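Before any comments, here is the structure.
Number of protein chains: 2
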Amino acid sequence: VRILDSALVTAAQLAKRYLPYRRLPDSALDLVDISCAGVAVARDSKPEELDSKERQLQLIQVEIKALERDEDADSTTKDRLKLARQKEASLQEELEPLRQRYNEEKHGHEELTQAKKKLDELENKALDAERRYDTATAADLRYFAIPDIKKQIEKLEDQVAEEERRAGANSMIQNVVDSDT
Amino acid sequence: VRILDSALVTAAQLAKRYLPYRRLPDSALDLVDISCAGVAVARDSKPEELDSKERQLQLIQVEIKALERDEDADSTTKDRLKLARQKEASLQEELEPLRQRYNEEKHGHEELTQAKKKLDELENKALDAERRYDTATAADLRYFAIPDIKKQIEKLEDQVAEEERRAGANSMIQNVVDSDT
Numbered sequence: 365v366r367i368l369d370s371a372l373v374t375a376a377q378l379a380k381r382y383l384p385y386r387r388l389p390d391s392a393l394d395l396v397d398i399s400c401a402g403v404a405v406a407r408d409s410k411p412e413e414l415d416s417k418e419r420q421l422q423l424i425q426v427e428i429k430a431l432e433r434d435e436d437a438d439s440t441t442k443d444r445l446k447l448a449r450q451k452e453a454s455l456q457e458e459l460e461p462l463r464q465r466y467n468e469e470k471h472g473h474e475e476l477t478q479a480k481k482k483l484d485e486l487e488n489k490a491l492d493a494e495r496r497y498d499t500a501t502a503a504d505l506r507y508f509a510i511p512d513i514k515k516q517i518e519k520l521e522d523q524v525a526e527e528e529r530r531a532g533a534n535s536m537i538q539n540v541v542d543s544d545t
Numbered sequence: 365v366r367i368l369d370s371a372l373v374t375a376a377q378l379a380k381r382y383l384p385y386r387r388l389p390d391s392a393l394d395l396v397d398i399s400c401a402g403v404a405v406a407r408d409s410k411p412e413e414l415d416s417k418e419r420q421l422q423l424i425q426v427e428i429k430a431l432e433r434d435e436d437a438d439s440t441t442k443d444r445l446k447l448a449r450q451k452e453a454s455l456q457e458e459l460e461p462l463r464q465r466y467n468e469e470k471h472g473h474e475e476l477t478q479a480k481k482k483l484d485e486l487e488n489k490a491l492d493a494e495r496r497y498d499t500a501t502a503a504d505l506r507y508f509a510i511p512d513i514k515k516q517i518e519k520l521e522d523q524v525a526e527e528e529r530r531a532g533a534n535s536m537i538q539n540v541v542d543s544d545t
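In order, the protein sequences belong to chains F and E.
545 is the number that the deposited numbering gives the last residue of the first sequence; the numbers go up by one with no jumps.
545 is the number that the deposited numbering gives the last residue of the second sequence; the numbers go up by one with no jumps.
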């Protein structure tokens, strides 16, 4: 999840203001980790669009069996079903690209997660190399390796594809907004 | 038994306003379960009234058994049990159809319970399916089993058959009363 710098400031200010008797750095963090977890959950399904369409599709399946599995199936009494089937197709066609679009948005976050993780592992290694005065591996990490991952992260952040309409071409937020979140 | 919506309102208002010893969710729910149980006794007061009349039948049964066989059983001394028997029969003629009806009314509700239980089991399978768009194992249940059960429930409503001599032919439905109960 992306986190605004101002969210760390705001979370710390809020934690003291709404829970002054609770440890400030824990409370500020809990506020953040809880809200991070929260948006991460929402992003698992974006059900407002996906669950709604999946339900509509199943309701159609009910109408389909209710009308299809019959002798009256050959009468317009039940053959009116074809209209529901047409709606099914429309929902399947709208739904699948939403689904995949959402998967792409998720993947962008997974890529960022791993790029940042890799950078930190290189840093962990660099720090040991520095205390060992291991110039060779300190150099392996400080030069090229860390800068590489750093640039990959920057590129991955730009992959959000910011457009004038919103902060990303992406429809979902998956971020920690200083005040809203 | 049917419950007035206003009884839910009254139970909740009552619990809040006058029963501070117990928290509102349960206190109101307890008022509902309790009031319903009080009513269950009232619905089972079909038997309490039928049984009050049965107590008259037992005063009669005892008089009859006390007088049923003896050396002078054929004397009007003991044969007076026939008068007790005339009353026995008179009460049974009223009581038996009221009792049988009570059982029918109860069996109506038994079936409503069983029918609804299955309706709901099938609906949870449908819910599983609606959310993930199953198209088959739930569709086969939504198909007919759902609307057939629903229709049986509606047919049982018709058996309630409200009538001029009593709201509800199914007279044991002592609709839980918001106020009095």
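Every residue gets a Cβ at the ideal spot worked out from N, C-alpha and C, and that includes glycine.
- Within chain F, the residues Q422, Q425, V426, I428 and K429 have their CB atoms less than 8 Å from the CB of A503 of chain E, given in chain order.
- Flagged as an interface residue toward chain E: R419 of chain F, by a C-beta distance shorter than 8 Å.
- Contacts with chain E at 8 Å (Cβ-Cβ) include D415 of chain F.
- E474 of chain E sits in a helix when the DSSP states are folded into three classes.
- Setting aside the 5 residues that flank it on each side, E469 of chain F is surrounded in the same chain by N534 and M536, each with a C-beta closer than 6 Å to its C-beta; the list follows chain order.
- In terms of CA proximity to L421 of chain E, E:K451 leads the group E:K482, E:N539, E:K451 and E:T374.
- The three-state secondary structure of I367 of chain F, taken from DSSP, is strand.
- Look at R433 of chain F: its C-beta is under 8 Å from a C-beta on chain E.
- Annotation: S543 of chain F is outside any alpha helix (DSSP H) and is labelled neither H nor E by DSSP.
- In the three-state DSSP reduction, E435 of chain F falls in the coil class, being neither helix nor strand.
- Bounds of the alpha helix (DSSP H) holding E518 of chain F are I510 to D522.
- Secondary structure of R381 of chain F (DSSP, three-state): helix.
- The alpha-carbon separation between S370 of chain E and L378 of chain E amounts to approximately 12 Å.
- A straight-line Cα-Cα distance of about 10 Å links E458 of chain F and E413 of chain F.
- Assigned with DSSP and collapsed to three states, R496 of chain E falls in helix.
- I517 of chain F is not a Cβ neighbour of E487 of chain F, given a cutoff of 8 Å.
- In the structure shown, the three-state DSSP call for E468 of chain E is helix.
- Contact annotation: in the stretch 467-499 of chain E, residues whose CB is within less than 8 Å of a CB in chain F are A490, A493, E494, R495, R496, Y497, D498 and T499.
- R530 of chain F sits in a strand when the DSSP states are folded into three classes.
- Proximity of the stretch 431-440 of chain F to the stretch 394-402 of chain F falls short of the contact definition, fewer than three beta-carbon pairs being nearer than 8 Å.
- Interface with chain F (8 Å Cβ-Cβ cutoff): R449 of chain E is excluded.
- Identification of chain F residues near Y507 of chain E by a Cβ-Cβ cut-off of 8 Å yields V426, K429, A430 and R433, ordered along the chain.
- Linking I367 of chain F to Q538 of chain F through their CA atoms gives a straight-line distance of about 9 Å.
- Our two residues, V426 of chain F and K489 of chain F, have alpha carbons roughly 58 Å apart in a direct line.
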